[PDB]
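Before any comments, here is the structure.
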Amino acid sequence: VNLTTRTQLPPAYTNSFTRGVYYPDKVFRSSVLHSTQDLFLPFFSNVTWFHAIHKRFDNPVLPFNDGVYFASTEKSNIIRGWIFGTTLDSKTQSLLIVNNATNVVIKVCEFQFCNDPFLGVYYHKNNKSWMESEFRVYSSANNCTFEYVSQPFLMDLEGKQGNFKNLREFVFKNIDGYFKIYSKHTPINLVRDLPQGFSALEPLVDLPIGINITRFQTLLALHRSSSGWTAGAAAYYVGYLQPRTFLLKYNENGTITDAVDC
Amino acid sequence: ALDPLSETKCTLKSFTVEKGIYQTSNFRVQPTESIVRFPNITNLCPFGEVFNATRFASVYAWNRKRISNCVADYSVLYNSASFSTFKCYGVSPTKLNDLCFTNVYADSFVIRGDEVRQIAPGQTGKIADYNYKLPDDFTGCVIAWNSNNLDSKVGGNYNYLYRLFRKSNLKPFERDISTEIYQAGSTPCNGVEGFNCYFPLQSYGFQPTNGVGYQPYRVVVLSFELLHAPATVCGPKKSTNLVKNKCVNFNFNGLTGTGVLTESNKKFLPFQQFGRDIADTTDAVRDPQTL
Amino acid sequence: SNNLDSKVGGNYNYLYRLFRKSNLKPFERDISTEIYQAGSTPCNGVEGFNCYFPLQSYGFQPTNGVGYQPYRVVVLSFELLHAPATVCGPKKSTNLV
Ligand SMILES: *[C@@H]1O[C@H](CO)[C@@H](O[C@@H]2O[C@H](CO)[C@@H](O)[C@H](O)[C@H]2NC(C)=O)[C@H](O)[C@H]1NC(C)=O
Ligand SMILES: *[C@@H]1O[C@H](CO)[C@@H](O)[C@H](O)[C@H]1NC(C)=O
Ligand SMILES: *[C@@H]1O[C@H](CO)[C@@H](O)[C@H](O)[C@H]1NC(C)=O
Ligand SMILES: *[C@@H]1O[C@H](CO)[C@@H](O)[C@H](O)[C@H]1NC(C)=O
Ligand SMILES: *[C@@H]1O[C@H](CO)[C@@H](O)[C@H](O)[C@H]1NC(C)=O
Ligand SMILES: *[C@@H]1O[C@H](CO)[C@@H](O)[C@H](O)[C@H]1NC(C)=O
Ligand SMILES: *[C@@H]1O[C@H](CO)[C@@H](O)[C@H](O)[C@H]1NC(C)=O
Ligand SMILES: *[C@@H]1O[C@H](CO)[C@@H](O)[C@H](O)[C@H]1NC(C)=O
Ligand SMILES: *[C@@H]1O[C@H](CO)[C@@H](O)[C@H](O)[C@H]1NC(C)=O
């Protein structure tokens, strides 16, 4: 059940400076200047500022279109994942990305639309817990046309305070059925708003699903001591990708030194 | 080609060679041998375990095995003599090894040998019409082996059923588990047995003493479906030995070329397999097997 | 040719090579009946594992559809200016000037 109070606010805009830079492919280039055309996030663009606090909890559904830029600033790892698909329901094949703290779950099945798809954590008090309890993301899975399971891991769900120590910036797109995952995770120190720095994303994996994704969601984590759940202080970023050309500078090793939007 | 002096006459197109230096051609060293380096043959889909699985679903109840994101090597199963018969439709068994498939559905079931001959595109009979029908464009193959020492036992094996009666003929790739009683005449049935009301499903008698044509055979039908989605399951990639510091024709993953391979002090990013120069011509690669 | 070459349900006088170990060169007639050997198992002239009998027949029936109706195909080949042409149509020659 969607939280009773929350808040209703217009989509306030922010400007991402160097965000949107990634290696277009697995080609290695060093000490050279390469220029290619692809779907990119232009520099100094006006992105929408998304956030989660103890009384707003803004998690709108946005269209994916050609491509969308993802960025997040984390402490307690409030981001539970992303839900992908056309109608985001069992009417079509929907892609699921969620971290259960055990195995990364990537599955394409028939999903029952979750109005408020999150994972709650209860009974902190003494023995502070911070462990998963119920899965509200999807009610059931049916025709699982695709499934993927990664290796086991351990995620820290304990809440943190102070500056944001984690920065997750992702770039997803779809080209001829190929779904590219561009993942970069770097530590930062930030109070509010957005961190200022250059980042070069690297491709993680590819998902040759071959479906059209017209909408996407951003999973979040809630905790309380489904209308009574609260949330920590965190913010993530969303922006639209455009077919732009960049000039990528390369060092000896191969790491991008700087990028120039044409 | 007799002498280098004669190469001057042929390049200048004159029988008289004037005094001076002339470039008559440009030599190039041809590759000595072809180098093939492919990724590890592991992380397959276990077709040998499903083909060799103890028990199967009924021909109408057949289990749909979804095969995606793996490699399918069909040369090992064909050359291992693990099957009774081998048959394909439209594609040779060697061509399947060089092709990538979007989605593959393994059809497992056990029927008698007299009913195996009805498996083919757009055919008729008991199993084709009333159980499982093959489309005309079906590109897969038919593989069966003799299970009479496994799936049959003394006293009969009633686990494997089939659909004897249906009011019509099934479409290709149509699985119908409906137990509704077939009404032969005008006598009402409504799921109640009686005159002209007969239970359609029937259980195969299976014992080790059955005749060859009546012996139970495990049949695995491989459904090869090429959709608009990118291809996932690909044929086997068999890597060969690696040669360095020589002129060779190399094919690495989906990249081909000719040159001299030398290990340098350069370091690629772990997510970047191939390097290139200013001209986007590959100056270095990473081996698909060894790092 | 369905009005002629079609005989009963099939005609075995018209055969073809279904299988071959490689691609035959153009303008080549291969009469070899040898069994195709895919693997290392010796065929010795019989069918079996990795052994298939390449010689097959086209089914010819007068009641078959237009897809199975045999079409006699005569490929016309020629050489250009490689020799004096002794085949020329009834075009009357003229005087020389
Ligand atoms: C390529 O990356 C390597 C590893 O990070 C660099 O080597 C290190 O560079 C740092 C720079 O502060 C030094 O402090 C380390 O002592 C170096 N380690 C070794 C063992 O060399 C390398 O300099 C980078 N090269 C370039 C030009 O980017
Ligand atoms: C959220 O609100 C919608 C109506 O706007 C309601 O249908 C839904 O049931 C509410 N939450 C849940 C998860 O039930
Ligand atoms: C970006 O959005 C902010 C907030 O709406 C606005 O004040 C600013 O003028 C915008 N800048 C551009 C380039 O449109
Ligand atoms: C998440 O992990 C819990 C605890 O191990 C387990 O009970 C649950 O089934 C998992 N859920 C998912 C979606 O993997
Ligand atoms: C603390 O919580 C953990 C996880 O729920 C539980 O396993 C453990 O028994 C609890 N310990 C105490 C002292 O309550
Ligand atoms: C999913 O499977 C069920 C049962 O096989 C089938 O009825 C349904 O049509 C399938 N999904 C779609 C979208 O058809
Ligand atoms: C995706 O959209 C394209 C272009 O409109 C259309 O051709 C195709 O059928 C769509 N595919 C899916 C899976 O919806
Ligand atoms: C099945 O596996 C067993 C154990 O490896 C083996 O002995 C048997 O021959 C196999 N049968 C076939 C034909 O796959
Ligand atoms: C692949 O197989 C080889 C066999 O020697 C092994 O050494 C290697 O670790 C395996 N994994 C990789 C990296 O391909």
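Positions of Cβ are generated from backbone atoms using ideal geometry, with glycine treated the same way; all protein chains shown enter the neighbour counts. Any read-out appearing in this document is the output of simple, stated calculations on the displayed coordinates, not a laboratory observation.
Just for region C:47-84: of the residues that are surrounded by 10 or more Cβ atoms within 10 Å (Cβ to Cβ) and among the hydroxyl-bearing types (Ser, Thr, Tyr), which one is nearest to B:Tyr74 (Cα to Cα)? Once the filter is applied, the top-ranked residue is C:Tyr52. Restricting the first residue to region B:50-69 and requiring it to be under 12 Å from B:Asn159 (Cα atoms), which pairs with a second residue that is basic (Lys, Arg) meet a Cβ separation below 7 Å and a spacing of at least six or different chains? Pairs found: B:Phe56/B:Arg218.
Looking only at residues in region A:4-25 that are among the aliphatic types (A, V, I, L, M) and in contact with a strand residue (DSSP E or B) (Cβ under 8 Å, 6 or more places away or on another chain), the one that is farthest from ligand 7 (Cβ to nearest atom) is A:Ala12. Checking A:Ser183, A:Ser226 one by one, the residue that is small (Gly, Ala, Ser) and within 14 Å of A:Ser72 (Cα to Cα) is A:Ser183 and no other. Annotation note: of A:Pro187, A:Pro243, the sole residue that is surrounded by fewer than 13 Cβ atoms within 10 Å (Cβ to Cβ), more than 14 Å from chain B (Cβ to nearest Cβ), under 30 Å from A:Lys128 (Cβ atoms) and not acidic (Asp, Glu) is A:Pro187. Of all residue pairs spaced 6 or more apart or on separate chains, those with beta-carbon atoms under 7 Å, a first member in region A:121-140 that is among the polar types (S, T, N, Q) and a second member that is away from ligand 4 (no atom under 12 Å from the Cβ) and assigned to a loop (DSSP other than H, G, I, E, B) are A:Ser129/A:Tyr123; A:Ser139/A:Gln112; A:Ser140/A:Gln112. Can you confirm whether A:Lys26 is closer than 26 Å to A:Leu207 by Cβ and more than 14 Å from the chain's Cα centre (by Cα)? Here the answer is yes, as A:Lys26 does meet what is asked. When only residues in region A:1-57 that are surrounded by fewer than 13 Cβ atoms within 10 Å (Cβ to Cβ) and touching an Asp or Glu at 6+ places or on another chain (Cβ under 6 Å) count, which is farthest from the other protein chains (Cβ to nearest Cβ)? Checking each candidate, the answer is A:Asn2.
To keep it simple, each residue is scored yes or no on (1) exposed (fewer than 14 other Cβ atoms within 10 Å of the Cβ); (2) within 16 Å of ligand 1 (Cβ to nearest atom); (3) assigned to a strand (DSSP E or B); (4) not charged (D, E, K, R).
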residue	(1), (2), (3), (4)
A:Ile211	no, no, no, yes
A:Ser227	yes, no, no, yes
A:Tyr237	no, no, yes, yes
A:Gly254	no, yes, no, yes
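So, of the residues in region A:74-108 that are over 18 Å from the mean Cα position of the chain (by Cα) and more than 12 Å from ligand 4 (Cβ to nearest atom), which turns out to be farthest from A:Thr186 (Cα to Cα)? Break it down into steps so the answer makes sense when it comes.
Within region A:74-108, the subset over 18 Å from the mean Cα position of the chain (by Cα) is A:87, A:89-93, A:102.
Going one step further and asking which of them are more than 12 Å from ligand 4 (Cβ to nearest atom), we end up with A:87, A:89-93.
On the way: A:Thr87: 33, A:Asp89: 34, A:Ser90: 36, A:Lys91: 38, A:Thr92: 35, A:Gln93: 33 Å.
My answer is A:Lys91.
Just to be sure before I move on: is A:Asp193 within 19 Å of the chain's Cα centre (by Cα), assigned to a loop (DSSP other than H, G, I, E, B) and of a type outside the set (A, V, I, L, M) in the structure I sent? Walk me through how you get there before you give the answer.
Working: within 19 Å of the chain's Cα centre (by Cα): yes; assigned to a loop (DSSP other than H, G, I, E, B): yes; of a type outside the set (A, V, I, L, M): yes.
Yes; evaluated as a whole, the condition is true for this residue.
The rows are residues; the columns are (1) touching a helix residue (DSSP H, G or I) at 6+ places or on another chain (Cβ under 9 Å); (2) of a type in the set (A, V, I, L, M); (3) more than 14 Å from chain A (Cβ to nearest Cβ).
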| site | (1), (2), (3) |
| --- | --- |
| B:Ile181 | no, yes, yes |
| B:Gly213 | yes, no, yes |
| B:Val220 | yes, yes, yes |
| B:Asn249 | no, no, yes |
| B:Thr258 | no, no, yes |
| B:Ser264 | no, no, no |
| B:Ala279 | no, yes, no |
| B:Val285 | no, yes, no |
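Of the set (1) in contact with an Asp or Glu (Cβ under 6 Å, 6 or more places away or on another chain); (2) away from ligand 2 (no atom under 16 Å from the Cβ), all apply to A:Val105 but (1). Within region A:110-139, the set of residues being in contact with a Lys or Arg (Cβ under 7 Å, 6 or more places away or on another chain) and of a type in the set (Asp, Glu) comprises just one member, A:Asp116. Determine if region A:163-170 includes at least one residue that is loosely packed, with under 12 Cβ neighbours inside 10 Å and either farther than 20 Å from A:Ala101 by Cα or within 16 Å of ligand 6 (Cβ to nearest atom) (or both). The answer is no; no qualifying residue exists. Among the residues of region A:163-175, is any within 11 Å of chain B (Cβ to nearest Cβ), closer than 30 Å to A:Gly254 by Cβ, of a type outside the set (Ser, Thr, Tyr) and more than 16 Å from the chain's Cα centre (by Cα)? Yes, the conditions are met somewhere in region A:163-175.
Output the residue which, of all residues in region A:102-141 that are assigned to a loop (DSSP other than H, G, I, E, B) and basic (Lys, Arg), is nearest to ligand 6 (Cβ to nearest atom).
As a first pass, look at region A:102-141 and keep what is assigned to a loop (DSSP other than H, G, I, E, B): A:102-103, A:110-117, A:123-133, A:136-141.
Okay, now just the ones that are also basic (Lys, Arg), so A:125, A:128, A:136.
On the way: A:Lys125: 45, A:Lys128: 43, A:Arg136: 23 Å.
In this case the residue turns out to be A:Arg136.
Residues in region B:66-83 that are within 17 Å of the chain's Cα centre (by Cα), under 30 Å from C:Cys51 (Cα atoms), within 13 Å of another protein chain (Cβ to nearest Cβ) and not hydroxyl-bearing (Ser, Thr, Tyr): B:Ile67, B:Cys70, B:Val76, B:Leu77, B:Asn79, B:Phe83. Against the conditions (1) within 16 Å of ligand 1 (Cβ to nearest atom); (2) within 14 Å of chain B (Cβ to nearest Cβ); (3) aromatic (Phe, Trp, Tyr), A:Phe198 satisfies every one except (2). Counting residues in region A:24-46 that are in a strand (DSSP E or B), aliphatic (A, V, I, L, M) and more than 30 Å from B:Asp277 (Cβ to Cβ) gives zero.
Going by what's in this entry, would B:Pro31 be described as within 21 Å of the chain's Cα centre (by Cα) and more than 14 Å from every other protein chain (Cβ to nearest Cβ)?
Values: within 21 Å of the chain's Cα centre (by Cα): no; more than 14 Å from every other protein chain (Cβ to nearest Cβ): yes.
No; evaluated as a whole, the condition is false for this residue.
Of everything in region C:40-65, what is of a type in the set (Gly, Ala, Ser) and within 14 Å of chain B (Cβ to nearest Cβ)? Give them in sequence order.
In the first step, residues of region C:40-65 are kept if they are of a type in the set (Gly, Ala, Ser); the result is C:40, C:45, C:48, C:57, C:59, C:65.
Matches in region C:40-65: C:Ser40, C:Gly48, C:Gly65.
Scanning region B:189-213 for residues that are among the aliphatic types (A, V, I, L, M) and farther than 17 Å from B:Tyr160 by Cβ gives B:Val192, B:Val212.
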